[PDB]
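Just one chain is shown here, as structure tokens, and it is the form deposited in one PDB entry.
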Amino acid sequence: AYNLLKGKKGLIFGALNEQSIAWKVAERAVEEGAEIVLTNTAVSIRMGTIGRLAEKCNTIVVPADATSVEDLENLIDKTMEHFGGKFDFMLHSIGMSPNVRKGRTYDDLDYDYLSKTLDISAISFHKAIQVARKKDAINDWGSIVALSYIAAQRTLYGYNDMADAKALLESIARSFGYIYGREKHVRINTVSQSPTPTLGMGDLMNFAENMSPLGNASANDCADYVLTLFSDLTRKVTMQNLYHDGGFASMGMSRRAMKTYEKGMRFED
């Protein structure tokens, strides 16, 4: 409780449940003296899950499909209403693939499903920032963050069209980082996070834990790092893809990972 975000206002997407990273950013950002507004889809809100978080953080849950420019124009107006003007930061934490959910392989994509994957997981970020820019919703030296994963750089079996969506997301962070930065000094970055619970499940989380010298970064560790990016101490950090993974991105082989791999290869013999 350093009061890092004292007198700072933000919008957080993608708080579903207590386990979700955007949920932890929300409750941890207020803890640091921030006012926030929450958003998710009606089918996400109606369940009644996020409302509980929007009790804790005081503040409101504004319904919006983040792929709908209309829903985003409403979201920004209702967000700016609630704060009584501009805000400082925004957390984008959205992404799913109908290709993954319908069990299509990467060499058997449905291209309507792919358009949805790219729209929900990446273009939504551009849409959210463009609506904000047009309504001048964000103060000078504000901070926009989107969550990403290293499949954007290095292919992960079964992660499918989400890898390509994360690459597109990270590029939008650069492209829009330049425009918003040269104009109003607003910084835009991606945090490339460890695989986190709720093919990003059991065996992969063990591999990444063992490979990473500091182990996997928790959702709480992620929330911790993101606060730094919303603080004035990261003002000159923009257009970056920041690995938050206990060193995973910088590792070829750990002794601990090889010890497991060698057993898989040798144990029987």
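Take the two forms, superpose them, and find the largest set of C-alpha atoms that agree within 1.5 Å; that set is the rigid core. Don't overthink the numbering: it's just position in the shown sequence, from 1.
Another form, the form deposited with a small molecule bound, is not on view; read the next lines as being about it.
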>> So if I measure heavy atom distances to the small molecule in the entry with it bound, which of the stretches 105 to 113, 144 to 152, 131 to 139, 171 to 179 falls within 4.5 Å?
In response: 144 to 152
>> Considering non-hydrogen atoms and a 4.5 Å limit, does the small molecule approach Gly95 in the entry with it bound?
In response: yes
> Looking at the partner-bound form in the entry with it bound, is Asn74 within 4.5 Å of the small molecule by any heavy atom?
Replying inline: no
>> Does any part of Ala257 reach within 4.5 Å of the small molecule in the entry with it bound? Heavy atoms only, please.
In response: no
> So in the entry with it bound, does any heavy atom of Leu118 sit within 4.5 Å of the small molecule?
Replying inline: no
> With the partner left out here, if you bring back the small molecule in the entry with it bound, are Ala15, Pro195 and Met201 all within 4.5 Å of it by some heavy atom?
Replying inline: yes
> Just one of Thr49, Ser231, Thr67, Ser212 has a heavy atom within 4.5 angstroms of the small molecule in the entry with it bound, so which one?
Replying inline: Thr67
> Can you pick the one in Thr59, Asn241, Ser44, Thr238 that has a heavy atom within 4.5 Å of the small molecule in the entry with it bound?
Replying inline: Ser44
> Is there a C-alpha shift of 2 Å or more at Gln19 between this form and the one not shown once the rigid core is superposed?
Replying inline: no
> Superposing on the rigid core, is the CA of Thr260 displaced by 2 Å or more between this form and the one not shown?
Replying inline: yes
> Shorter or longer C-alpha distance for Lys263 and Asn216 in the entry with it bound, given it differs from this form by 3 Å or more?
Replying inline: closer
>> Can you confirm the direction of the Cα distance change for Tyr261 and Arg154 in the entry with it bound, closer or farther than in this form, given it is 3 Å or more?
In response: farther
